[PDB]
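Right, one structure below, let's go through it.
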Amino acid sequence: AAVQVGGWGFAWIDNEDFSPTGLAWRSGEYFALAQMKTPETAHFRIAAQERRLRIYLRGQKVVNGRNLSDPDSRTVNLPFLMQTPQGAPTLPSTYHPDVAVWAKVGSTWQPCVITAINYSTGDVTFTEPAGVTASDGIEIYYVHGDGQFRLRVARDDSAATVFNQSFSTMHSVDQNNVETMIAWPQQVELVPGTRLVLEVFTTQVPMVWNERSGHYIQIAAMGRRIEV
């Protein structure tokens, strides 16, 4: 067969390139949470000692709606909640880098206003909207420090670990910058047929990958077209 390789271009490997595996969370054991399947016409390369790397993964807590007649404050405790060095807007806010609260009103999910975040106790206060009826109608996604994660390259065990950090280190060490910084260890090739698998290991904090989870991944890479 004939193989044509295109020119190299800068590419961010980001969270949007990952798809959920659909695996359910389990305590104290690694499991594939999400995966980046390399396209049939692509080759990606992550450099040895790569430092343009940002990873902020979220834990999940699901609480019941109180079917309020009017909006009201709701306080939920978030085990292993962590502050990241990321720029945070002033509270009240619906966007916050460390916490995102969603409420289901009828059939529609909506972001909730966060009014207080206590990193010392893990308590987060948000305004619950009126008419949240479901027993699982409130989902809270937050940056946590329970356990670790790894990135593996799988073929088609035949899967090699290419990156591994605890959540407490990955989530607390910078950006802006140096001395403490985390570097990608070795050069990695993502050729057609390979999968970059995200595996997580937590004991008490459930982790799901869905449309509301807001996981953040940004890894500097090089990409090129490959045609057969």
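Here is how the number arises for the chain: DSSP H runs of 4 or more residues each give -39500 (n - 2.57), the sum is divided by the residue count, and the result at 222 nm is 0 deg cm²/dmol.
Each of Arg224 and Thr161 was given a label point 7 Å from its Cα along the Cα-to-Cβ line. The distance between the two points is 3.1 nm.
Taking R0 as 22 Å, what's the FRET efficiency between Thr41 and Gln186 from their Cβ-Cβ distance, rounded to 0.05? Let's see the in-between values first.
On the way: r = 25 Å, r/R0 = 1.14.
Efficiency for this residue pair is about 0.30.
With semi-axes defined as the square roots of five times the eigenvalues of the C-alpha gyration tensor, the equivalent ellipsoid of the chain measures 36, 19, 16 Å, largest first. Modelled spin labels at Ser172 and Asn77, positioned 7 Å past Cα toward Cβ, are 2.1 nm from each other. Here the simple spin-label model places points 7 Å from the Cα toward Cβ, and for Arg212 and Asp70 these points are separated by 2.6 nm.
How long is the gain from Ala24 to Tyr95 if the chain were fully straight, where each residue apart is worth 0.36 nm and the alpha carbon distance is subtracted? Write out the running numbers ahead of the final one.
Numbers: separation 71, 0.36 × 71 = 25.56 nm, distance 2.68 nm.
Gain on stretching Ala24 to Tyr95: 22.9 nm.
Taking θ as phi - 60° and the Karplus parameters 6.51, -1.76 and 1.60, the scalar couplings of the stretch 95-105 work out to 9, 8, x, 8, 9, 9, 10, 10, 10, 9, 10 Hz in sequence order, x denoting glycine and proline. Centroid-to-centroid, using Cα positions, the stretch 78-122 and the stretch 27-75 are 15 Å apart.
Throughout, read-outs are computed from the coordinates displayed, never taken from laboratory work. Every residue, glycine among them, receives a Cβ derived from its backbone with ideal geometry; neighbour counts consider all protein chains shown.
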